[PDB]
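Descriptive analysis of the structure
Here is what each chain is made of, one letter per residue.
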Protein chains: 2
Amino acid sequence: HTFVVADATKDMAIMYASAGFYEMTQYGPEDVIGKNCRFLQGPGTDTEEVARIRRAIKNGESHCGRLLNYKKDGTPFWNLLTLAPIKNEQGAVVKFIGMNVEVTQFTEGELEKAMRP
Amino acid sequence: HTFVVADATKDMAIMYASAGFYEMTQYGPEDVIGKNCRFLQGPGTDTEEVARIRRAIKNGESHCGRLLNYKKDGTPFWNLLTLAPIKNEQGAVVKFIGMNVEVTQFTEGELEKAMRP
Ligand SMILES: Cc1cc2nc3c(=O)[nH]c(=O)nc-3n(C[C@H](O)[C@H](O)[C@H](O)COP(=O)(O)O)c2cc1C
Ligand SMILES: Cc1cc2nc3c(=O)[nH]c(=O)nc-3n(C[C@H](O)[C@H](O)[C@H](O)COP(=O)(O)O)c2cc1C
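In this report, we go over the structure that sits alongside the text.

What counts, and where the lines are drawn
Residues numbered from 1 in each chain as written, not as in the entry; some residues may be left out. Chains lettered and ligands numbered in written order. Heavy atoms only, no water. Residues with missing side-chain atoms left out of burial classes, pairs and counts. Near = heavy atom within 4 Å. Polar contact = N/O pair within 3.5 Å; in protein donor to acceptor, adjacent residues only side chain to side chain. Areas by Shrake-Rupley, 256 points an atom, 1.4 Å probe, with all protein chains shown as cover. Nonpolar A, V, L, I, M, F, W, Y, C, P; charged D, E, K, R; others polar. Contact = heavy atoms within 4.5 Å. Salt bridge = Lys/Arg side-chain N within 4 Å of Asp/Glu carboxyl O. Helix = DSSP H or I, 4+ residues; strand = E, 2+ residues; numbered from the N terminus. Buried < 20%, exposed > 50% of the residue type's maximum accessible area, 1.4 Å probe, protein only. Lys, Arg positive; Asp, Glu negative; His and termini not counted. Expected span 1.5 Å × (residues − 1). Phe/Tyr/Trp six-rings, centres within 6.5 Å; stacked < 30°, edge-to-face > 60°. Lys NZ or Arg CZ within 6 Å of the ring centre and 35° of its normal.

1. Re the site of ligand 2
All names here are of chain B. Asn36, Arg38, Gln41, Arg54 and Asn69 are the nearest of the 20 residues found near ligand 2. One nitrogen or oxygen atom from the side chain of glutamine 41 is found 2.8 Å from an oxygen atom belonging to ligand 2. Taking 620 Å² as the accessible area of ligand 2 by itself, protein coverage stands at 91%. Among the residues forming the shell around ligand 2, the class breakdown is twelve nonpolar, six polar and two charged.

2. Some words on the interface of chain B and chain A
The interface is formed by 27 residues belonging to chain B together with 27 residues belonging to chain A. Our count for the contact surface shared by chain B and chain A stands at two salt bridges. Of the charged contacts, one joins B:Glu61 and A:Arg66 as a salt bridge, the two residues approaching to 3.9 Å between their closest N and O atoms. Counting across the interface, chain B meets chain A through two residue pairs in polar contact.

3. Digging into the site of ligand 1
All names here are of chain A. The environment of ligand 1 is made up of 20 residues, and the closest members are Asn36, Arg38, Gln41, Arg54 and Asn69. At a separation of 3.1 Å, an oxygen atom of ligand 1 approaches a polar side-chain atom of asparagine 79. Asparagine 100 places a polar side-chain atom, nitrogen or oxygen, 3.1 Å from an oxygen atom of ligand 1. In isolation ligand 1 has 620 Å² of accessible area, and contact with the protein removes 91% of it. Listed by contribution, the elements that provide at least two residues to the shell around ligand 1 are β1 (3-7), α2 (47-58), β3 (63-70), β4 (76-87) and β5 (93-102). Taken together, the residues that form the shell around ligand 1 break down as twelve nonpolar, six polar and two charged.

4. Here's the deal with the environment of B:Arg38
Residues and elements named next belong to chain B. For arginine 38, the location among the structural elements is in the loop between α1 (19-25) and α2 (47-58). Given the relative accessible area of 54%, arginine 38 is considered exposed. A C-alpha to C-alpha distance of 8.8 Å links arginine 38 and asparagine 69, two positions 31 residues apart in sequence.

5. Digging into the side chain of A:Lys95
Within the fold, A:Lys95 resides in strand β5. We note that A:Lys95 is buried and unpaired, the nearest opposite charge coming from B:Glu108 at a distance of 4.7 Å. In contact with A:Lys95, other than residues within four places in its own chain, are A:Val5, A:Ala6, A:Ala8, A:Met15, A:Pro85, A:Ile86 and B:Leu111.

6. Examining α2(A)
Counted at 1.5 Å a residue, the expected span for α2(A) with its twelve residues is 16 Å, and the 17 Å between its end C-alpha atoms agrees. Within the span of α2(A), buried status applies to A:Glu49, A:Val50, A:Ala51, A:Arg52, A:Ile53 and A:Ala56. Of the surrounding elements, those touching the buried residues of α2(A) are β3, β4 and β5 of chain A together with α2 of chain B. The backbone nitrogen of A:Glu48 has a side-chain oxygen 2.8 Å away, supplied by the residue at the start of α2(A), namely A:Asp46.

7. Here's the deal with the environment of B:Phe96
Residue and element names in this part refer to chain B. In this structure, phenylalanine 96 sits in strand β5 (residues 93-102). Of the residues examined, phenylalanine 96 reaches a relative accessible area of 3% and is grouped as buried. Note: C-alpha distance between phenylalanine 96 and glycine 65 (31 residues apart in sequence) is 15 Å. For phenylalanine 96, the contacting residues outside a window of four places in its chain are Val4, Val5, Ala6, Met12, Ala56, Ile57, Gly60, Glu61, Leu83, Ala84 and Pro85.

8. What about the packing of aromatic side chains?
This model, assessed by the stated rule, comprises six aromatic pairs over all chains. Aromatic pair B:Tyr27 and B:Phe39: ring centres 4.9 Å apart, planes at 90°, arrangement edge-to-face. Remark: B:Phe39 occurs in the loop between α1 and α2 and B:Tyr27 occurs in the loop between α1 and α2; sequence separation between them is twelve residues. When its relative accessible area of 26% is taken as the criterion, B:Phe39 is described as partly exposed. One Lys or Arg, A:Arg66, reaches over the ring of A:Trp78 and ends 3.8 Å from the middle of that ring.

So, in structure tokens, the structure goes:
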């Protein structure tokens, strides 16, 4: 579990983050709770992927996209961000969940372990 | 594990698929091994997301995107497809892995179970 929960009734502020998120990004709760996760973005982050994200959230749609993000120490990393709306019984969006995967090289070795009969 | 492995030295033909893939899509190995996974696409599949996928594969890049796909019975489903290149020691791309997530509604209930201290 690397994920965060954002509150649609407080302008998509992060209301919760998993332990994995703090460890992946190196930021602590003081930098995250109550904030918008756009703070991870930085030089080179793709403007059009960011716009796709924004639209998906506005439309209440699930989404995924690779985005460049930055750790607290300024290390760039690729983040496969998937997003899903959480609705109430009225069918209104009250939260979003986001799941963050830090891309690493997938090796022939790891594939063998994945495929091994 | 829902994933498939494609062989870059046989034009991205699927060389392996996990049990989860057969069950998610309802297709059997006879419809999958040796094929290109584009066969899951259909009416309404987003042309530009498909083009993003194509470019990522050509550039040897990791990627994610939501795509409409179809099960064997013709049921449409949203597929959060993530892709990652597998390189040899020369640094050349010899395979791709693809991981397929079938989007379902995420409920306030599921979130409570995810967040529950
Ligand atoms: C639940 C959730 C998680 C998010 N996680 C990230 C993330 O890890 N990295 C990131 O760059 N953007 C993330 N975002 C996206 C930003 O919060 C923001 O929605 C995006 O940059 C587009 O809006 P903007 O154009 O106002 O910045 C997340 C959004 C949501 C709703
Ligand atoms: C490993 C791997 C897995 C893929 N899985 C899917 C999938 O589940 N659904 C899909 O619609 N496309 C999938 N694709 C994408 C298609 O195979 C194809 O690359 C895409 O449609 C773009 O190429 P085209 O424009 O020639 O169709 C996958 C590709 C790779 C390499």
